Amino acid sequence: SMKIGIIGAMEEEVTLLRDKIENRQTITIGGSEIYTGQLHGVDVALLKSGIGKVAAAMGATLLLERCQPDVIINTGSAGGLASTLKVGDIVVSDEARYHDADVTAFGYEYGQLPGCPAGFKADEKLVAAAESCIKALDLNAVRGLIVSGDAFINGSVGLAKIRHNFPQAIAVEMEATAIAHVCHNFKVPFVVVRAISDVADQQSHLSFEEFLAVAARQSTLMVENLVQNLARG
């Protein structure tokens, strides 16, 4: 049996998935929460990480360490940067880069940190399974580079800087690249499957308030089907 680990940051991003877990058990390790059980017959371990890179890092580390899932899906909300994107649309990582790391003085690519690739690559089979679920579920989706940082992007210079440095980035958020970095170090396959809550302009906080519940529902639909698809056929 495959065990699938699922990571979302916020209670609202995790609460629908957690309600669907059977035989559900809760583990606190300081003080992040991991819910274990079966989701549609598939062993899962669901982490609520909290917000940002170190919260994500510490939780992903405790998840891999304690529960030893075979695979990691990171779910939740994100700020759309691709032009097509509308609120509720799915984004799937083909890769993940930090938008706020810079050791370019020592020869690395912008966004790259030592001992890491410049971008972390999402596992191909997990990408293809997510795309299978997108098409089966008839969702609007875009596959691409997700960028992460300890900043909620809200227009102005913050946003401009990310579009200048990462013109191919499709979505921006605060945990995925930290999760991808942990999984590089543990050699565990990852994918991010998130939904758009805002478009990272100077209304993004208002949009996020308005549409976070839609982002959560849409990313939960994908994930709960993706765990079935991965764990069987």
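Residues carry their position along the shown sequence, with the first being 1.
> Name the higher of the two by mean Cα B-factor in the PDB entry, 56-64 versus 24-32.
The stretch with the larger average C-alpha B-factor is 24-32.
> Select between 172-180 and 38-46 the stretch whose C-alpha atoms have the higher average B-factor in the entry.
The stretch with the larger average C-alpha B-factor is 38-46.
> Sorting by Cα B-factor within the chain, modelled residues only, which third would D138 end up in: lowest, middle or highest?
Middle third.
> Would you mind ranking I6 by its C-alpha B-factor against the rest of the chain and naming the third, lowest, middle or highest?
According to the entry, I6 has a C-alpha B-factor in the chain's lowest third.
> Ranking the modelled residues of this chain by C-alpha B-factor as given in the entry, is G76 in the lowest, middle or highest third?
Lowest third - that is where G76 ends up once the chain's C-alpha B-factors are sorted.
> So where's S207 on the chain's Cα temperature factor ranking, which third?
Lowest third, going by the recorded CA B-factors of the chain.
> Could you look up the Cα B-factor of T84 in the entry and say which third of the chain it sits in: lowest, middle or highest?
Tercile = highest for this residue's CA B-factor.
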